[PDB]
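Written below as structure tokens is the structure these notes are about.
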Amino acid sequence: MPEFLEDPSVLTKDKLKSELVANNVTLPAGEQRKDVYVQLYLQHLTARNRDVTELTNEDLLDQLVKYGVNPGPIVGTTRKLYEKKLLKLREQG
């Protein structure tokens, strides 16, 4: 669980998606919102890792893939869900 940014919101949606795939994070089907991807990053990492918002859509996916997660391509309303979920994975760290 490599040290992750304490503020991944600075990441783009595509970047967060790769992060989740790089983390072998599995992205549930039926979810395409940026916030969902942002919280998933916080839900998986930050929630256990104890800016993600500045990551670009491309980089955000790179991080999601790293967690072993491969959901649907962040549309524009599910991105927040993934951002929140990411925090959960980050918490695992």
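Note on naming: chains are A, B, ... as they come in the structure tokens, residues start from 1 per chain, ligands start from 1 in the order shown.
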Problem - Those in chain A with alpha helix (DSSP H) from DSSP, as number ranges by chain - result: A: 13-22, 34-39, 57-62, 79-85, 87-92
Handout entry: Long-range neighbours of stretch 41-53 of chain A as a list in words, 8 Å cut-off, only C-alpha atoms, 6 positions minimum in chain
Key = residues 1, 3, 4, 5, 6, 7, 8, 9, 10, 11, 12, 16, 20, 60, 64, 82, 83, 84, 85, 86, 87, 88, 89, 90, 91, 92 and 93 of chain A
Output N, CA and C atoms for every residue in the selection just made, as a CSV table (one decimal), in the first residue's frame.
chain,number,residue,atom,x,y,z
A,1,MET,N,0.9,-1.2,0.0
A,1,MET,CA,0.0,0.0,0.0
A,1,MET,C,0.9,1.3,0.0
A,3,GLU,N,2.5,4.9,-0.2
A,3,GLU,CA,1.9,6.2,0.4
A,3,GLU,C,1.1,6.9,-0.6
A,4,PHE,N,-0.1,7.2,-0.4
A,4,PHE,CA,-1.0,7.9,-1.4
A,4,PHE,C,-1.1,9.4,-1.0
A,5,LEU,N,-1.6,10.2,-1.9
A,5,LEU,CA,-1.7,11.6,-1.7
A,5,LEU,C,-2.8,11.8,-0.7
A,6,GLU,N,-2.6,12.7,0.2
A,6,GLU,CA,-3.7,13.0,1.3
A,6,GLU,C,-4.8,13.9,0.6
A,7,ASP,N,-4.6,14.3,-0.6
A,7,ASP,CA,-5.7,15.1,-1.3
A,7,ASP,C,-5.7,14.7,-2.8
A,8,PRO,N,-6.3,13.5,-3.1
A,8,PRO,CA,-6.3,13.0,-4.5
A,8,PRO,C,-7.4,13.8,-5.3
A,9,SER,N,-8.2,14.6,-4.7
A,9,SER,CA,-9.2,15.4,-5.5
A,9,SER,C,-8.4,16.2,-6.6
A,10,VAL,N,-7.2,16.5,-6.4
A,10,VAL,CA,-6.4,17.3,-7.4
A,10,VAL,C,-6.0,16.4,-8.5
A,11,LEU,N,-6.4,15.1,-8.5
A,11,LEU,CA,-6.1,14.2,-9.6
A,11,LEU,C,-7.3,14.2,-10.6
A,12,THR,N,-7.0,13.8,-11.8
A,12,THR,CA,-8.1,13.8,-12.9
A,12,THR,C,-8.9,12.5,-12.8
A,16,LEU,N,-7.3,8.9,-11.7
A,16,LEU,CA,-7.8,8.1,-10.6
A,16,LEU,C,-8.2,6.7,-11.0
A,20,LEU,N,-6.9,3.1,-9.3
A,20,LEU,CA,-7.7,1.9,-8.8
A,20,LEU,C,-7.4,0.7,-9.6
A,60,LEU,N,-6.5,9.6,-12.2
A,60,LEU,CA,-7.4,9.0,-11.2
A,60,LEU,C,-7.7,7.5,-11.5
A,64,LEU,N,-6.9,3.9,-9.5
A,64,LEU,CA,-8.0,2.8,-9.2
A,64,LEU,C,-7.6,1.5,-9.7
A,82,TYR,N,-16.6,7.2,-7.1
A,82,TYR,CA,-15.2,6.5,-7.1
A,82,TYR,C,-14.3,7.3,-6.2
A,83,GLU,N,-14.4,8.6,-6.3
A,83,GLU,CA,-13.4,9.5,-5.4
A,83,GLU,C,-13.6,9.1,-4.0
A,84,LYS,N,-14.9,9.0,-3.6
A,84,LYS,CA,-15.1,8.7,-2.1
A,84,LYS,C,-14.7,7.2,-1.8
A,85,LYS,N,-15.0,6.3,-2.7
A,85,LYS,CA,-14.6,4.9,-2.5
A,85,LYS,C,-13.1,4.8,-2.4
A,86,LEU,N,-12.4,5.6,-3.2
A,86,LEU,CA,-10.9,5.5,-3.2
A,86,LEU,C,-10.4,5.9,-1.8
A,87,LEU,N,-11.1,6.8,-1.1
A,87,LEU,CA,-10.6,7.2,0.2
A,87,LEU,C,-10.7,5.9,1.1
A,88,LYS,N,-11.8,5.1,0.9
A,88,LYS,CA,-11.9,3.9,1.7
A,88,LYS,C,-10.7,3.0,1.4
A,89,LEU,N,-10.3,2.8,0.2
A,89,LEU,CA,-9.1,1.9,-0.1
A,89,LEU,C,-7.9,2.5,0.5
A,90,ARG,N,-7.8,3.8,0.4
A,90,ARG,CA,-6.6,4.5,1.0
A,90,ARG,C,-6.6,4.3,2.5
A,91,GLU,N,-7.7,4.2,3.1
A,91,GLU,CA,-7.8,4.0,4.6
A,91,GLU,C,-7.1,2.6,4.9
A,92,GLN,N,-7.3,1.7,4.0
A,92,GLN,CA,-6.6,0.3,4.3
A,92,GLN,C,-5.1,0.5,4.5
A,93,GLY,N,-4.6,1.5,3.8
A,93,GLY,CA,-3.1,1.8,4.0
A,93,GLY,C,-2.8,2.1,5.4
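With only C-alpha atoms as the atoms that count, the minimum distance from residue A:61 to the choices A:2, A:74, A:81, A:33 is reached by A:74.
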Problem - For residue A:65: contacts at 9 Å, only C-alpha atoms, fewer than 3 positions along chain excluded, given as a PyMOL selection string - result: chain A and resi 16-27+60-62+68-71
Practice task
Name the residues of chain A that come out as strand (DSSP E) in a backbone DSSP run; write them as a PyMOL selection string.
Solution key: chain A and resi 9-11+33+40-43+53-55+63-65+78+86
Fill in the blank from the handout: Students should find that atom CA of residue A:38 and atom CA of residue A:79 are spaced 6.2 Å
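In this comparison, which uses only C-alpha atoms, the residue of A:29, A:63, A:34, A:15 approaching residue A:75 most closely is A:34.
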